[PDB]
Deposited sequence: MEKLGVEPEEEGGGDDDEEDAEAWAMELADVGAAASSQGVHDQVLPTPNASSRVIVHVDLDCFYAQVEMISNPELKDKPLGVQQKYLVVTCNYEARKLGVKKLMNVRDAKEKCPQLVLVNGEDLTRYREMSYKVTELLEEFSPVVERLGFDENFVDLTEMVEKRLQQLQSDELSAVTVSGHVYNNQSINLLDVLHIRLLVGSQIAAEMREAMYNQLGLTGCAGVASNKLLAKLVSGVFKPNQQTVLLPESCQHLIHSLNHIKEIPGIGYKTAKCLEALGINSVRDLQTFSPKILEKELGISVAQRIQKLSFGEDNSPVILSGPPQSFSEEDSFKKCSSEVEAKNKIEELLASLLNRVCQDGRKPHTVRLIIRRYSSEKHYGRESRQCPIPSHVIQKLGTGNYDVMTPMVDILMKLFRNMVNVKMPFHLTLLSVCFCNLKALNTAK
């Protein structure tokens, strides 16, 4: 049976968070910077040619009057992200997160209830909320069109509630599966919404100019396909199943070829509480071991506060480094430390330092470009 799925992506998420805190940034072009990367920027900046994930120098060069704010601490962004997720969970309990600013909600049950409440007179009165992709004509006698229109109404209610209770704006897309909702949400940006009626699905899927634009096909998979003369959605649709499996494996091939047709049987999973907490630090150089112990101390402090806040306990710790391509060592967290979660710091530092020395030899000079710590295996 056919579902109704909604996808929500927040507008310039980090930048919008910053503009809420410091309204003086509301009308100036704003970029959010982590080290040498303008990770996002408000739409004023995008008018002047700034783009997401530009270099700082490319951003200032394409817009010298750009105002930069540091986004290396994701605390406020994370808080807001979960405020949005909890808000959406009021509508339907089952909400799936995709990173910090995107959410999927399966509206099927809700839509059915709303239709059950309706009589025959108002069925003619049902109207779309927001955009209809490709200006496709609505057939009120088509039940799928009716249900998707109801989904557009619920989506507008969600966006409005996000603005009224969280001051956040974003785009939504309503479709029959997660792939099509996520693809259709970004058609009209920012702070708009689009519904995709079934007849336009193929159109939407062929509007893409390369397969990498499909969620599920990343850099590596895209490269492997590029090497096979596959450059369009149709090249992947029309490629031979057997050859594709032989090159990419069975599961990957079948799934991504199903995606090239706009098909997504995957359900909306409940994300719930985080499966892991982590902190990262990048830098130009780290070669003094006591420097590394200081960085790990710093990461550990914040991680400890966050773990304390959740009220859940991690049963595993990891340490990740990058050498001047990424490597990690993990180990379980001793039970008495877990219970104490007391100067839990010093034992944690000792453990993570033993892992560090397992990874890298202090006797030989070394050059590390990233130190990250992860508390996972939460219970």
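If you line the structure up with the deposited chain, the stretches without a C-alpha atom are 1-50, 375-380, 398-401, 440-445.
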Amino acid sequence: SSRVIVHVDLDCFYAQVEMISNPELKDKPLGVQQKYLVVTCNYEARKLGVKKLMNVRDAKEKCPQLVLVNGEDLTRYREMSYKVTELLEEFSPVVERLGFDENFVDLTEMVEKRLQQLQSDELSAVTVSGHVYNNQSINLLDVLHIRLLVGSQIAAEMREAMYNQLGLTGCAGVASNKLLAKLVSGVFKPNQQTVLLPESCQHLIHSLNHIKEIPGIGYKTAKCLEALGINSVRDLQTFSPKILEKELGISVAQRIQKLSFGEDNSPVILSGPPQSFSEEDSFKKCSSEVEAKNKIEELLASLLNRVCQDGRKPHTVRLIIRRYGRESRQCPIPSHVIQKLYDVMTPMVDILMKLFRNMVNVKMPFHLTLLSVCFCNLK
From here on, numbers count along this sequence of modelled residues.
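Under this definition, the rigid core comprises the largest set of C-alpha atoms superposing within 1.5 Å between the forms.
Of the two stretches examined, 284-292 and 194-202, the one with higher mean CA deviation in 9 other deposited structures of this protein after a rigid core fit is 284-292. In terms of root mean square C-alpha deviation after superposing on the rigid core in 9 other deposited structures of this protein, the stretch standing farther out between 243-251 and 97-105 is 243-251. Compared with other entries of the same protein, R357 falls outside the group left without coordinates by a third of them; all model it where both flanks are modelled.
Compared with other deposited structures of the same protein, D27 does not meet the criterion of being unmodelled in at least one third, since all of those that resolve residues on both sides include it. 6-14 and 357-365 differ in mean CA B-factor, and the higher of the two is recorded for 357-365. The stretch 294-302 shows the higher mean C-alpha B-factor when 294-302 is compared against 193-201 in the entry. Of the candidates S287, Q254, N134, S266, it is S287 whose Cα B-factor is highest according to the PDB record.
Annotation for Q153, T75, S282, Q237: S282 ranks highest, by Cα B-factor. Annotation for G216: C-alpha temperature factor in the middle third relative to the rest of the modelled chain, per the entry. In the deposited entry, the Cα temperature factor of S120 sits in the top third of values across the chain's modelled residues. Compared with the other modelled residues of the chain, the Cα B-factor recorded for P93 ranks in the lowest third. Compared with the other modelled residues of the chain, the Cα B-factor recorded for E112 ranks in the middle third. When the modelled residues of the chain are ordered by their C-alpha B factor, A161 lands in the lowest third.
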